[PDB]
Amino acid sequence: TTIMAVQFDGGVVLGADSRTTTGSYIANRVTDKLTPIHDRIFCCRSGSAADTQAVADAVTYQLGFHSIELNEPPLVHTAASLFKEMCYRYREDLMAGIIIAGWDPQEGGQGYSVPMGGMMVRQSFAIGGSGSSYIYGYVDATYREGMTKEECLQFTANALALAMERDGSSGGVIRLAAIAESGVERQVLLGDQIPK
Amino acid sequence: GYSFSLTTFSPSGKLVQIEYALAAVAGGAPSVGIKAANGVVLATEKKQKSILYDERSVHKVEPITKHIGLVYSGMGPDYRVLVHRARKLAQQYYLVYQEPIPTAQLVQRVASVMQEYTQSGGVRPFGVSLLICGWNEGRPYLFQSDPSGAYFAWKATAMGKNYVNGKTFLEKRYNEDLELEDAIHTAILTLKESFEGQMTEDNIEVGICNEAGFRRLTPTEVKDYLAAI
Amino acid sequence: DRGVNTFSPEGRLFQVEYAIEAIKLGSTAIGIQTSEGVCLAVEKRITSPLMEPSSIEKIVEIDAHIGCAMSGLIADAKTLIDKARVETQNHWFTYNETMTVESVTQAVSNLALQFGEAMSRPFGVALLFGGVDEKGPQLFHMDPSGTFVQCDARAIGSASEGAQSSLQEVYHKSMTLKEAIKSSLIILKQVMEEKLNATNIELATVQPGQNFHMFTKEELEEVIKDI
Amino acid sequence: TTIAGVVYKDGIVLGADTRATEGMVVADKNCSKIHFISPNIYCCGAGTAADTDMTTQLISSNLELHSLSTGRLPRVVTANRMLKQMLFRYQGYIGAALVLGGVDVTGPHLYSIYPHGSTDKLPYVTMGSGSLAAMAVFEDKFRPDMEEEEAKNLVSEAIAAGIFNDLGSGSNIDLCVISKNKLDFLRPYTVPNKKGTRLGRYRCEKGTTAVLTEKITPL
Amino acid sequence: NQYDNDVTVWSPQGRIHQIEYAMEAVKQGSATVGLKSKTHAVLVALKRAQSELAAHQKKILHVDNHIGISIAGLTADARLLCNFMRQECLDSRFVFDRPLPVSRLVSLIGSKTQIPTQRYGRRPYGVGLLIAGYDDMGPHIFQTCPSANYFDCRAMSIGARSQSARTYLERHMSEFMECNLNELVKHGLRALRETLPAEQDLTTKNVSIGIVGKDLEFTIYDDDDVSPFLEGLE
Amino acid sequence: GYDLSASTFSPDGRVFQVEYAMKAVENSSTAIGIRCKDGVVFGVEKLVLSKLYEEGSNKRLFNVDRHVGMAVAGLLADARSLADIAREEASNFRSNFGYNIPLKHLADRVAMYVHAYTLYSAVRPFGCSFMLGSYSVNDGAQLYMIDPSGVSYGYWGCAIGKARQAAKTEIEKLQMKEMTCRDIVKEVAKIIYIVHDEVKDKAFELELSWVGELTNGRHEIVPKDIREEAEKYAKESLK
Amino acid sequence: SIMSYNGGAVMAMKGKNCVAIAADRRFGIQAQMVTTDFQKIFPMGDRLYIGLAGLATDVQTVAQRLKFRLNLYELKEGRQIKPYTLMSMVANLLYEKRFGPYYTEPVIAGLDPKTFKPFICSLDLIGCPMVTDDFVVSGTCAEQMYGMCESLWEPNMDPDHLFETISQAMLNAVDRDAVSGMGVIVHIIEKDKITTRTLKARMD
Amino acid sequence: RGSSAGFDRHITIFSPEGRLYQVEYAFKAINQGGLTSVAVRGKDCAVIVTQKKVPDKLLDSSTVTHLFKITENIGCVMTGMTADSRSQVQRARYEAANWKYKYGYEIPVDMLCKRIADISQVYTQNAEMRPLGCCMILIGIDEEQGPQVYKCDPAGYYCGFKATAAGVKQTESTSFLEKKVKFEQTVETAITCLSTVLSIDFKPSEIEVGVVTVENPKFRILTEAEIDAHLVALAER
């Protein structure tokens, strides 16, 4: 698994691969690891599939009820905090790392990382997953401030492809999502379009 | 919650809240049940207060399983609670024995539930009376259950407003050789007696039970039967 | 009808007033405190010669140095006596020392108003505690309302008024235990309806250096010889 | 065991074998592994047999109650939800692996559910001991929007490969076809194996066995 | 008529009669006076005896090294409240290792006492309290009612025939802040004496004094120890 | 006897215990609250029943939260209970969702808690009314009023107590939507001085507080000197 | 293992309009004999039997709880139990103690009380029904019985040939098991009679 | 007729004629408010109209409303006691959310109606609480049979309608709508029914309108400009 999010002026870019294995056997090769918690908030998931799916469903329920009560669109920080509380309460049971990313009118496009242990922190770019150890130097060297929306999709695709070639648990297709005020744009990069 | 019984004995030995519940039941809409050689027929009157009401929004005749059906006379809100509990009980029996529940067992369980509300703290008895129909072992059944918790097995019965005249009608025009269609004709005729206004397919409800199961008739079939009569 | 916990218009609980009314139907108990010891004397209401007097016990041993005399509804005092014994034994177990008469009285009287809607009504029994501790002989009185006091001479029961009136002139701070026993017996003889004959009375004393002691028939005869 | 499922242009095809073993000895030779859940929803179970049986029966009763109350045909997403929530509640002690499938007012749907509460929505799925031998056939010969007969042949080939290449699988092949207008339950579909004919005659003639006591109880 | 048996019934005029009856319970107790200066707080209590052969009832209790209370009303309720206060002070000293401020204790008392006056089949605490304490902000005198309401005072008197003492205190408020300990004690004794019948006088038997101060733990003086304070009076 | 329980309807559709509870609020001293262009100002007249009580006793202005202030009327014990309930609700919200509770949410939660007491025979309704005021940079200034029956509303200027009608008549003449907190601080003191009745209620004290952008969103008591300036202005206007 | 602590062997076979159920007779504790006439086949009706093999305490407990439930059922309903319903009842009773299971494996054999159609089935440790058409075995010597029955069983057996077949299978199977044997008891269930027989077997 | 015995007027128990008086009083508790609401459904849309009263000039009119949102596709009108209405709305929101969480798809209108009426029926059997004094109207869009209008009353009864009214002037509005029904612009019909029964021509700031449409399934509340345009159309036509 390799997941990543990058901030740009006006929104966030999320990317993931699509392989789920059981040992050395690829149980699924077209997995979708980008899940919409609300209209403009997404999470990328890594770890045990059961734990991440159950926690995402629970947080979706709670955030929807909160939004209906308050009669307002929710914040990214609220969803990050709900995930943090559930991950910290059951840290002896769950095995789940999450990236939260979204856009809210109060603070723009933001991204938070909730690793194993129920910690929470904000970052300009955030990588996670088993295959992310092979692209730390690349993202350190290549990232710069003031990137445009179209310069963040290419950077994300390059980093994910480089992680895919070297990791045994990463593969498949590359799924990208761009989140800004107007909406969410989703796309898939098949085998011909993956950088080489 | 109150932990004391609200139903108590009268100096002449009568339980009075049960009598008042029966008084509530005797003011509800009529219902008729007839048992024939091939199945059972249940009929009820569904007059409504205005034309703005949606005639198909709620039903009085409801299925409990694939082979059991209910009608009621009394208060609708209590009927809904009883229907929910009967469905849950049938599902529990199926889960245990991997076999559909017989009619005489469902009637007993429902009757015990209705009796629990007569000797419990801070609650009032149900104000409904139930007619149950089913098909088991190749023969039909017809049971009645009262707000007190006592059940009886009948051949033909009427309940609700003007039920004494309905019982006399059924007594004078019932024999054990009826087919199901003759039973439907007799049930609709019994409902016709003491009816207010002109009846159509939209203000009565009919349900039948036979070898294939329990089903409520569609309005087209009710129109056909009314035209025949 | 009203609850168990309603105040009266002049600020008193009805049930406590009724229990205090019920107290005044019991037998008369009289306790006297001296610098040499404490003495407790109580009546017996023998309703028939076919009854055994020795089966009536109204003076019990809370502990080797503490005794109690009771009046009112007798059957209710058993719970209080049981608790008092249990608390004294618990105190000895934890601290390896003897409890004080005042501490026993507090522990017993903390149960007085623990009722509601567990107990459902007050107790309706009045108690006199007599003991010897580091401070010397001490006499305490406790009533159904939960209030306890320390006394020099007290009389509880149906004839409490006349007995207290007599104790007003009789008592003085320099009495000897023998004089106290005689005075208590004289007052009991005055207030009783039957004749005092060493069978329908009960008498006990607590003195420093020796345990709680119950008088037998011979001592009763010898003391009553003077009266 | 070997259970497989495929989605074609009009519905679902599910298939399973019929052998049940206990250790390394064949216990049952005609086991049934395709379970009824709703008139439009079916399930194929693998793993511990008792757990799959009880799980499917419980979920079927719950869906029956829900459909009676609402008055409509149930949805595959509802059954998937209840199954996955119940399985996650037990933290993986119910060794049931399920292939669930059905057709509703939205169209054909096919899910795979794992013992820990995971779920995948896919166009073709396999599970069991011989899951790899059938997944090879699906990877080789699957096309989108097949016909009914082509999908039935594909499922039969996958199950046959699982039977012939794995020791824990064998005997016959069962198929279930779910379509918007019908439901076919073929039992059995193919009989790839037959028992050989006996050569000798080992019939025990009357009087071969010696008896100590005997009593007759006329009913 | 029918609005006075339960604590959960409103009178048509917007009053609760059981609370008023609990108030009536307090006004039948013996008088108690409390007053403070810039450096000390003082409680003066008048004790009663059933007969000449019975000892006088206690009215000053230890709550903590810097807090003491005085009672008027039902005794067992006073004991319940005193034990609750002692437990709260012990818990505070265990967790934070510093003395509990007096106002935060009075808030807890009010919170506890308000609950019975709202539920079915329960009764208000029929006891009134005067609380004397000292902490980083100086002396404090608090007064508590059965209706869960509490007041912060410069001086206050509670009990039977306590209006005379209140009038005396209202006349002489101005001198309190400047008086030393002895003058404050004599002022309290005069105010308490204002409540006695003309045929009775103060004595070492029926007078109890409790004092708390800046460098003085809460101390209680009874019997012969109150003789120095009575000397020189009048 | 349809007025002995909170779970009985009168033959005409009324619950008399709640009305008897509101009659307890109707016998209290008036408190007013005014919302303006950049803040909210609370003002209470506190009656002194003796000269022995200290100044600052029986406070009727509470700090429910850093940005939220409260003003009560009626039985004081019930008010002091509701203040603790509101404090717990605000704390729990900040612990779950990580940010300050909006005022419109706290008001609704407290209102539901209050309404929960008017349905059963085992408890009695509250005999207290109160006002909640807040100011946020995103949501502006907000003022809410809550009722013993449990009803919550939003206002531009409100008064609770015995002198509701006179105070409301005086508040309606302000046109408060175009002026700042400094003018409102004098206006509230003036209204309080004219609505007081000094021949029956002999003595009283003025208590004022505000929340606004001049405090950077914190609820505070008015500084002393401003309070004496407003008192002098009100007295010279009364003359 | 726990299933082999006491030993035991039971089997059921289906004929034409008749069934046969057989069990061994031995109670011992591991490698020591205690008694011979131990009961393992219990009647649950006029023409319905159940056989338990495994751990003796669980055998007796399960038999008694099943009789409890069966008696209550027959009193409420007013009719005789059916073999399907009894199998489902036993499966429910065994699954209720999941994670704490009874160490037995039942075998059920009977006739339909309405049509007299044979029924044989077997359940596992935690209650998974497994209905057959030819024969079911249970116990420590299951492999030997499978081997004997695959070779001797033939369809449409009359009572005499069925009795001979089941006798030979059980005898030759338990002759190769160390902790089973020392007597065989055979019940032949038929429409109008039940026949109980005890066979002559080795006692070593 | 009208006989009584025991405590049958103080708790929910049967009278000698099988009546529950404490449930008949909860219906008169609705008329105490003094407002009326109407709900109409057309071939492709559903509309709810309520009367808006602001008795005081100092009240903030934005917070005074009787149109609420349960889910993004369902809308509500409440009449009767205000606190009871808030409690019922806050319960219905929770029920809808839990159904969506549990069964994977959005709750229908009639099932939400069923659940609310099931909750309300309990209060008429247990004797320690009273029924709530409010009535509820729900409108939604279901993808198979179109617009849905439903009503719940405090006795536990619920029903579906073509057009309904609640409040003080319910009886007159019923006859008006019966005559009118015995549609593409249902808003005009609702507004004219309210005007006729209330004998008042409405200003744009005295009513609230909420709609759901097949093409726009989400519940939305019209502003004052749209209501004013509709009122102008009423005046001209």
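Notes on the structure follow.

Scoring rules and cut-offs
Residues numbered from 1 in each chain as written, not as in the entry; some residues may be left out. Chains lettered and ligands numbered in written order. Part of a larger assembly, values for the part shown. Heavy atoms only, no water. Residues with missing side-chain atoms left out of burial classes, pairs and counts. Helix = DSSP H or I, 4+ residues; strand = E, 2+ residues; numbered from the N terminus. Rg over C-alpha atoms; globule rule 2.2 N^0.38 Å. Contact = heavy atoms within 4.5 Å. Areas by Shrake-Rupley, 256 points an atom, 1.4 Å probe, with all protein chains shown as cover. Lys, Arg positive; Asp, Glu negative; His and termini not counted. Charge placed at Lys NZ, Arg CZ, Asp CG, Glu CD. Axes fitted to C-alpha atoms, helices over the stretch in contact; angles between N-to-C directions. Parallel < 35°, antiparallel > 145°, perpendicular 65-115°, else oblique. Nonpolar A, V, L, I, M, F, W, Y, C, P; charged D, E, K, R; others polar. Buried area = accessible area lost by both parts, 1.4 Å probe. Salt bridge = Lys/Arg side-chain N within 4 Å of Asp/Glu carboxyl O. Pairing = 2+ DSSP bridges. Polar contact = N/O pair within 3.5 Å; in protein donor to acceptor, adjacent residues only side chain to side chain. Patch = residues over 30% accessible without salt bridge, like charges linked within 9 Å, V, L, I, M, F, W, Y side chains within 5 Å. Left-handed = near helix turned anticlockwise from the far one by under 90°.

## Considering the overall build of chain E
For chain E, the count of helices and strands is six helices and 10 strands. The C-alpha atoms of chain E give a radius of gyration of 18 Å, which matches the 17 Å a tight globule of 234 residues would have. Seen along its three principal axes, the alpha-carbon backbone of chain E occupies a region of about 55 × 50 × 40 Å. Pairs at least 24 residues apart make up 61% of the contacts formed inside chain E by residues separated by at least 6 positions. Accessible area for chain E stands at about 10,600 Å²; split by element, carbon and sulfur atoms hold 48% of it. Separation between the mean location of the 26 positive side-chain charges and that of the 28 negative ones in chain E comes to 4 Å.

## Some words on the environment of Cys133 of chain B
All names here are of chain B. One can find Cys133 in strand β5 (residues 129-136). In this structure the C-alpha to C-alpha distance between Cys133 and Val41, which are 92 residues apart in sequence, comes to 8.0 Å. In this view, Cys133 contacts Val40, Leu42, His67, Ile68, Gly69, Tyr141, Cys209 and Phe214; residues no more than four positions away in its chain are not counted.

## As for the packing of helix α5 (residues 180-192) of chain B against helix α6 (residues 219-228) of chain B
Residue and element names in this part refer to chain B. Their axes nearest at 11 Å, the elements α5 and α6 cross at an angle of 80°. Viewed along their axes, α5 and α6 adopt a mutual orientation that is roughly perpendicular. On the side of α5, the interface is formed by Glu181, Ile184, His185 and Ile188, while α6 contributes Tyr225, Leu226 and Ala228. By residue class, the composition of the contact of α5 with α6 is five nonpolar, one polar and one charged.

## Observations concerning the arrangement of the chains
Across the gap from chain C to chain D, with no contact made, the nearest C-alpha atoms are 41 Å apart. Separated throughout, chain B and chain E approach each other most closely at a C-alpha pair spaced 12 Å apart.

## Topic: the interface of chain D and chain B
How big an interface is tends to be stated in terms of the accessible area lost upon association of its parts. Listed by partner, the interface residues are seven residues for chain D and eight residues for chain B. Looking only at chain D, the three residues that lose the most surface to chain B are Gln57, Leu65 and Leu68 of chain D, adding up to 63% of its buried area. Taken together, the links from chain D to chain B amount to one salt bridge. The salt bridge involving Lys66 of chain B is made with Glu64 of chain D; its shortest N-O contact spans 3.8 Å.

## Section: the sheet that holds strand β2 (residues 39-47) of chain F
All names here are of chain F. Strand order in the open sheet made by the five strands is β8-β1-β2-β9-β10, with antiparallel pairing throughout. Two strands lie at the open edges of the sheet, namely β8 (157-160) and β10 (219-221), each paired on one side alone. Neighbouring strand axes in the sheet, compared pairwise and without regard to direction, differ in orientation by 15° on average. In this structure, strand β9 (residues 204-212) lies alongside β10, joined through three bridges in antiparallel fashion. Across the sheet, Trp210 pairs through a bridge with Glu220, a residue of β10. Helix α5 (residues 181-195) contacts β1 (31-35), β2 and β9 of the sheet and is inclined by roughly 155° relative to β9.

## Focus on the interface of chain D and chain G
If you look at the interface, chain D gives 33 residues, while chain G gives 35 residues. Interface area for chain D against chain G, summed over the two sides, is near 2,900 Å², with a carbon-plus-sulfur share of 55%. On the chain D side of the contact with chain G, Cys204, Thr209 and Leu219 of chain D bury the most area, a combined 20% of that side's loss. There are six salt bridges connecting chain D and chain G. In this structure, the salt-bridge partner of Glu150 of chain G is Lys29 of chain D, at a minimum N-O distance of 3.6 Å. The interface formed by chain D and chain G contains 16 residue pairs in polar contact. Contributions of two or more residues to the side of chain D that touches chain G are made by β4 (25-28), α1 (49-70) and β13 (211-218) of chain D. A per-element tally of the side of chain D that touches chain G places β13 of chain D first, with eight residues.

## Some points on a negative patch on the surface
On the surface, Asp177, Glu179, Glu181 and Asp182 of chain B cluster together to form a negatively charged patch. Note that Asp177 of chain B resides in the loop between α4 (163-172) and α5.

## Description of the packing of helix α2 (residues 76-97) of chain F against helix α3 (residues 103-115) of chain F
Residue and element names in this part refer to chain F. Two numbers describe how α2 lies on α3: the axes approach to 10 Å, and their chain directions differ by 130°. Here α2 is positioned oblique relative to α3, judged by the angle of their axes. The hand of the α2/α3 crossing is right-handed. Of α3, the residues touching α2 (which contributes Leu82, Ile85, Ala86, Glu89, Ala90 and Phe93) are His105, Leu106, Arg109, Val110, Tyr113 and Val114. Its residues assigned to classes, the contact of α2 with α3 shows nine nonpolar, one polar and two charged.

Purely geometric stuff here, so don't read any function into it on its own.
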